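Here is the structure we will look at.
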Amino acid sequence: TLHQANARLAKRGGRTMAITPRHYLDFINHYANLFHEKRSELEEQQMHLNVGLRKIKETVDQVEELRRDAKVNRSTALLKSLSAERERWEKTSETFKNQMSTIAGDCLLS
């Protein structure tokens, strides 16, 4: 279709610049680089969210230990906030899975 658009632009009388197989090789290079970079970055984001959830469980254990230890009246609100944090984090992980499943065509077109 790049060839076809170039041919139609030449037919219409406008200026045209020739398309070579070097352009296709550069396109494949861009595809590979963009796919690898974006997939690695987003997979690192997902793994970091999982590690953060593990650290949230560890800090829930830590604040339970602090509960075991007039400055001890924050844990109820803390757990109430962290439950919603966990719910929004698992929803974000589901949307992460969806964008992992759709990232290929986005990378190709870009």
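Letters A, B, ... go to the chains of the structure tokens in the order shown; residues in each chain start at 1; ligands are counted from 1 in the same order.
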Name the residues in contact with range 62-64 of chain A at a cut-off of 10 Å, using only C-alpha atoms, excluding same-chain residues fewer than 3 positions from it; report them as an NGL selection string. :A and (56-59 or 67-69 or 74-75 or 78-79)
Would you mind exporting the chosen residues as a PDB file, in the first residue's frame, restricted to N, CA and C atoms?
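The new file selection20.pdb reads:
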```
ATOM      1  N   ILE A  56       2.733  -5.025  50.295  1.00  0.00           N
ATOM      2  CA  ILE A  56       1.541  -4.593  51.019  1.00  0.00           C
ATOM      3  C   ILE A  56       1.108  -5.655  52.020  1.00  0.00           C
ATOM      4  N   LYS A  57       1.170  -6.930  51.633  1.00  0.00           N
ATOM      5  CA  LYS A  57       0.885  -7.999  52.590  1.00  0.00           C
ATOM      6  C   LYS A  57       1.892  -7.993  53.740  1.00  0.00           C
ATOM      7  N   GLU A  58       3.172  -7.780  53.419  1.00  0.00           N
ATOM      8  CA  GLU A  58       4.198  -7.706  54.457  1.00  0.00           C
ATOM      9  C   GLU A  58       3.952  -6.532  55.403  1.00  0.00           C
ATOM     10  N   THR A  59       3.544  -5.381  54.866  1.00  0.00           N
ATOM     11  CA  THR A  59       3.264  -4.230  55.718  1.00  0.00           C
ATOM     12  C   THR A  59       1.951  -4.374  56.479  1.00  0.00           C
ATOM     13  N   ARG A  67       0.046  -3.032  65.945  1.00  0.00           N
ATOM     14  CA  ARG A  67      -1.156  -3.125  66.768  1.00  0.00           C
ATOM     15  C   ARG A  67      -0.883  -3.923  68.033  1.00  0.00           C
ATOM     16  N   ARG A  68      -0.081  -4.987  67.920  1.00  0.00           N
ATOM     17  CA  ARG A  68       0.335  -5.729  69.106  1.00  0.00           C
ATOM     18  C   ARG A  68       1.198  -4.874  70.027  1.00  0.00           C
ATOM     19  N   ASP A  69       1.933  -3.915  69.471  1.00  0.00           N
ATOM     20  CA  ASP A  69       2.757  -3.011  70.268  1.00  0.00           C
ATOM     21  C   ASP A  69       1.891  -2.011  71.028  1.00  0.00           C
ATOM     22  N   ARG A  74      -5.028   4.295  64.263  1.00  0.00           N
ATOM     23  CA  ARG A  74      -5.014   4.530  62.824  1.00  0.00           C
ATOM     24  C   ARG A  74      -5.174   3.266  61.991  1.00  0.00           C
ATOM     25  N   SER A  75      -5.073   2.081  62.601  1.00  0.00           N
ATOM     26  CA  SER A  75      -5.005   0.838  61.840  1.00  0.00           C
ATOM     27  C   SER A  75      -6.321   0.506  61.148  1.00  0.00           C
ATOM     28  N   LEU A  78      -6.413   2.544  58.117  1.00  0.00           N
ATOM     29  CA  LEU A  78      -5.350   2.073  57.233  1.00  0.00           C
ATOM     30  C   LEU A  78      -5.778   0.823  56.469  1.00  0.00           C
ATOM     31  N   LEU A  79      -6.344  -0.161  57.173  1.00  0.00           N
ATOM     32  CA  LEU A  79      -6.826  -1.371  56.509  1.00  0.00           C
ATOM     33  C   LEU A  79      -8.006  -1.076  55.589  1.00  0.00           C
TER      34      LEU A  79
END
```
Shell around range 41-54 of chain A at 9 Å using only C-alpha atoms, local window under 5 positions removed, as a PDB file with N, CA, C and O atoms, in the first residue's frame:
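Heads up, here's the output in out.pdb:
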```
ATOM      1  N   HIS A  36       9.536  -4.871  21.672  1.00  0.00           N
ATOM      2  CA  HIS A  36      10.347  -5.335  22.791  1.00  0.00           C
ATOM      3  C   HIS A  36      10.357  -4.319  23.925  1.00  0.00           C
ATOM      4  O   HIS A  36      10.154  -4.677  25.091  1.00  0.00           O
ATOM      5  N   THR A  59       3.544  -5.381  54.866  1.00  0.00           N
ATOM      6  CA  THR A  59       3.264  -4.230  55.718  1.00  0.00           C
ATOM      7  C   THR A  59       1.951  -4.374  56.479  1.00  0.00           C
ATOM      8  O   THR A  59       1.804  -3.763  57.538  1.00  0.00           O
ATOM      9  N   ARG A  86      -6.172  -2.670  47.236  1.00  0.00           N
ATOM     10  CA  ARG A  86      -6.035  -4.006  46.662  1.00  0.00           C
ATOM     11  C   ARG A  86      -7.065  -4.249  45.562  1.00  0.00           C
ATOM     12  O   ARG A  86      -6.749  -4.848  44.523  1.00  0.00           O
ATOM     13  N   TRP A  89      -6.090  -2.332  42.555  1.00  0.00           N
ATOM     14  CA  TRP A  89      -4.881  -2.905  41.974  1.00  0.00           C
ATOM     15  C   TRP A  89      -5.186  -4.165  41.171  1.00  0.00           C
ATOM     16  O   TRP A  89      -4.597  -4.382  40.107  1.00  0.00           O
ATOM     17  N   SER A  93      -4.668  -4.760  37.245  1.00  0.00           N
ATOM     18  CA  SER A  93      -3.985  -5.918  36.671  1.00  0.00           C
ATOM     19  C   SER A  93      -4.824  -6.567  35.571  1.00  0.00           C
ATOM     20  O   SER A  93      -4.281  -7.039  34.563  1.00  0.00           O
ATOM     21  N   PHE A  96      -4.400  -4.426  32.662  1.00  0.00           N
ATOM     22  CA  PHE A  96      -3.060  -4.691  32.151  1.00  0.00           C
ATOM     23  C   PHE A  96      -3.046  -5.927  31.264  1.00  0.00           C
ATOM     24  O   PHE A  96      -2.399  -5.934  30.214  1.00  0.00           O
ATOM     25  N   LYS A  97      -3.751  -6.983  31.678  1.00  0.00           N
ATOM     26  CA  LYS A  97      -3.858  -8.177  30.840  1.00  0.00           C
ATOM     27  C   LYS A  97      -4.538  -7.856  29.512  1.00  0.00           C
ATOM     28  O   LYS A  97      -4.113  -8.335  28.451  1.00  0.00           O
ATOM     29  N   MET A 100      -2.115  -5.987  27.361  1.00  0.00           N
ATOM     30  CA  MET A 100      -1.136  -6.953  26.861  1.00  0.00           C
ATOM     31  C   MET A 100      -1.686  -7.723  25.672  1.00  0.00           C
ATOM     32  O   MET A 100      -0.967  -7.972  24.697  1.00  0.00           O
TER      33      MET A 100
END
```
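Using only C-alpha atoms for every distance, the candidate list A:66, A:87, A:73, A:38 yields A:38 as the residue closest to residue 99 in chain A.
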Two-atom distance - CA of residue 22 in chain A, CA of residue 108 in chain A (Å): 17.5 Å
Here CA of residue 106 in chain A and CA of residue 24 in chain A stand apart by 17.9 Å
Between CA of residue 4 in chain A and CA of residue 16 in chain A - distance in Å to one decimal: 11.8 Å
